[PDB]
Amino acid sequence: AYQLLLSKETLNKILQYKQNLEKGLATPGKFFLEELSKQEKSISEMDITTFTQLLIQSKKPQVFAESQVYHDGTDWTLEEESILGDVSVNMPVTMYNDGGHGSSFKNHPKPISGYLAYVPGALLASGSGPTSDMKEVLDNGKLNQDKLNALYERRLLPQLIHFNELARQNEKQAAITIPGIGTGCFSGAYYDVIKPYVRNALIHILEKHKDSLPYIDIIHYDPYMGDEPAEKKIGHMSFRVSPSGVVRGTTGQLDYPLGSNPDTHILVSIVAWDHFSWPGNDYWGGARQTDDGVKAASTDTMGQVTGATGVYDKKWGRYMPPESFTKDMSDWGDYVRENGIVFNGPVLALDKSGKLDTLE
Ligand SMILES: Nc1ncnc2c1ncn2[C@@H]1O[C@H](COP(=O)(O)OP(=O)(O)OC[C@H]2O[C@H](O)[C@H](O)[C@@H]2O)[C@@H](O)[C@H]1O
Numbered sequence: 042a043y044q045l046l047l048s049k050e051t052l053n054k055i056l057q058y059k060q061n062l063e064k065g066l067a068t069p070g071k072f073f074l075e076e077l078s079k080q081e082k083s084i085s086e087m088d089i090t091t092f093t094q095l096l097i098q099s100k101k102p103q104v105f106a107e108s109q110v111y112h113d114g115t116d117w118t119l120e121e122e123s124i125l126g127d128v129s130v131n132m133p134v135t136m137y138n139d140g141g142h143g144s145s146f147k148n149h150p151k152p153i154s155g156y157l158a159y160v161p162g163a164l165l166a167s168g169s170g171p172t173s174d175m176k177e178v179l180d181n182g183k184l185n186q187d188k189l190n191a192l193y194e195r196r197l198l199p200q201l202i203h204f205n206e207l208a209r210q211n212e213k214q215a216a217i218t219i220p221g222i223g224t225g226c227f228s229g230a231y232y233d234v235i236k237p238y239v240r241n242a243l244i245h246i247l248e249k250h251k252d253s254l255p256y257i258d259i260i261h262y263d264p265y266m267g268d269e270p271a272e273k274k275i276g277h278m279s280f281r282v283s284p285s286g287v288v289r290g291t292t293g294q295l296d297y298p299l300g301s302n303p304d305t306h307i308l309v310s311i312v313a314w315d316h317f318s319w320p321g322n323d324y325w326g327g328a329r330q331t332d333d334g335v336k337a338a339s340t341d342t343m344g345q346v347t348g349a350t351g352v353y354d355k356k357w358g359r360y361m362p363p364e365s366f367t368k369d373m374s375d376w377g378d379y380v381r382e383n384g385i386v387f388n389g390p391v392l393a394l395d396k397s398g399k400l401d402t403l404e
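When you line the sequence shown up against the entry's author numbering, it's residues 42 to 369, 373 to 404, in that order.
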């Protein structure tokens, strides 16, 4: 029902980390250790896929990565955090509204079927000393455009390759909507300077891998505000920058961009996710707030992850937990605590040749 993806570089980091845990050169963080203790095998006796799944399973339904983490053995180590930020997840979804924040959403008369790809952006904020992503892309506290290009390339390429093959298997092209990933909460002190960097990072990936993405046609980038409305042609792809608060009538994220439709294109939206949380994040707590929480609440994301069938509330634009649970603490996070649900699924990685395959 959901699929975890990662780059070649991320699998090399899992491999190194697994080796170090076997050799005694590393010790696991508190939350990864808790998930290992719920299982019988040791680090040495486990395969790389089981190891990867248990590290991903340390994610909690709700965690604010920018403010609630210490980046040490008390929660998640800088090593685990390096791996976790690179993990993305995708799932097919029924989109019930266009994704408008607050009361602005428009309900789909007939729910649209598409896909969500949850990808964490550069974590450049912290309430406890520098993050793994701050160490990588910052040179003396200044944003490095080329290091940011490398980070987003590593995170977004496994999903871009995944949806390119899916659109070829469906005989359609791809229409992908992308928000201003890493430009809000995760930008920290760089809030006033980050928007051009994320837009240039997306241009860079699509310019680099255009030969590997033929069945990808529309890229609709909506950073809400702080970017000039523009149309750019990257090879065969059309990259559009249409900030909703700048360009009135902009197509919503969970809606078909202009020049795409259900018969010619498959609809994919990127979701600005968190290193340490389950896909919905804030919406596990009932709040339809961030890009992450608005997109999970506006789709059946919670139904995909928990396996339960919820009920869409047209007035609040939220996918609510089953009536049988609530009749009796009734948000989606309490549903998972009541039923013992864990975030654990299949995981694929890009190999040397640039294709997705098993981790063993
Ligand atoms: N009313 C609005 N309507 C539409 N878009 C908005 C609005 N306000 C801001 N945006 C834009 O929505 C875009 C994304 O901003 P963010 O949601 O913070 O994403 P991140 O990657 O920085 O932080 C990830 C964390 O936030 C989640 O909790 C996750 O689970 C993580 O914890 C920005 O371009 C905004 O300008």
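Ideal Cβ placement from N, Cα and C applies to all residues, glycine included.
Residues bridged to residue i (per DSSP)
i           : result
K355        : In the DSSP output, where bridge partners are listed per residue, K355 has none listed.
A215        : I257 and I307
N131        : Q44 and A158
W314        : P161
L179        : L184
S279        : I259 and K274
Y360        : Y353
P220        : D263
residue 370 : Regarding the residue in question, residue 370 is not represented: the chain runs 369 and then 373, omitting everything in between.
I153        : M136
Unbroken beta strand (DSSP E) run spanning residue i, endpoints
i    : result
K251 : First-last for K251: undefined, no H or E at that position.
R381 : Run containing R381: none in the beta strand (DSSP E); it sits in the alpha helix (DSSP H), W376 to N383.
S365 : Here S365 belongs to no beta strand (DSSP E); instead the alpha helix (DSSP H) covers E364 to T367.
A271 : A271 to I275
Coarse secondary structure for residue i, derived from DSSP in three states
i          : result
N148       : strand
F72        : helix
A393       : strand
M87        : coil
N241       : helix
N302       : coil
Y137       : strand
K82        : coil
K236       : helix
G229       : helix
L295       : coil
residue 17 : Nothing can be reported for residue 17, as the shown portion of the chain is limited to 42 through 404.
Extent of the continuous alpha helix (DSSP H) to which residue i belongs
i    : result
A191 : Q186 to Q210
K399 : Premise fails: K399 is in no alpha helix (DSSP H) and is neither H nor E.
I55  : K49 to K64
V335 : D332 to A338
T347 : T342 to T347
Inter-residue CB distance, residue i and residue j (contact presumed, cutoff 8 Å)
i    : j    : result
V391 : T90  : 6 Å
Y156 : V309 : 5 Å
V335 : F387 : In fact, because the Cβ distance is near 20 Å, the residues do not count as touching under 8 Å.
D174 : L165 : 6 Å
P220 : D315 : No, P220 and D315 are not in contact; Cβ-Cβ is about 14 Å, not under 8 Å.
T224 : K213 : Not confirmed; about 29 Å, so no contact.
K49  : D395 : 7 Å
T350 : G344 : 6 Å
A158 : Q200 : 4 Å
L189 : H250 : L189 to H250, Cβ: 16 Å. No contact.
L403 : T51  : Going by Cβ atoms, the distance from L403 to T51 rounds to 10 Å, so no, they are not a contact pair.
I217 : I153 : With a Cβ gap of about 14 Å, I217 and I153 do not count as contacting.
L45  : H203 : Incorrect: roughly 11 Å between the Cβ atoms, too far for contact.
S123 : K59  : About 14 Å separates the two Cβ atoms, so there is no contact after all.
Exercise. Is the region 72–88 close to the region 279–295, with three or more CB pairs under 8 Å?
Worked result: no
Exercise. Can at least three beta-carbon pairs, one atom from the region 245–257 and one from the region 186–198, be found at a separation below 8 Å?
Worked result: Contact annotation: the region 245–257 touches the region 186–198, with at least three C-beta pairs closer than 8 Å.
Exercise. Are there three or more Cβ pairs, one per stretch, closer than 8 Å when the region 375–382 is compared with the region 98–109?
Worked result: Per the Cβ contact rule, the region 375–382 is in contact with the region 98–109 (3 or more Cβ pairs under 8 Å).
Exercise. Taking contact to mean at least 3 C-beta pairs separated by less than 8 Å, is the region 296–307 in contact with the region 138–156?
Worked result: yes
Problem set entry | Contact the region 167–187 vs the region 317–326: 3+ CB pairs below 8 Å | no
Exercise. Any chance the region 58–71 sits against the region 105–120, with 3 or more Cβ pairs inside 8 Å?
Worked result: yes
Exercise. Using 8 Å as the Cβ pair cut-off and three pairs as the minimum, do the region 304–318 and the region 276–290 touch?
Worked result: no
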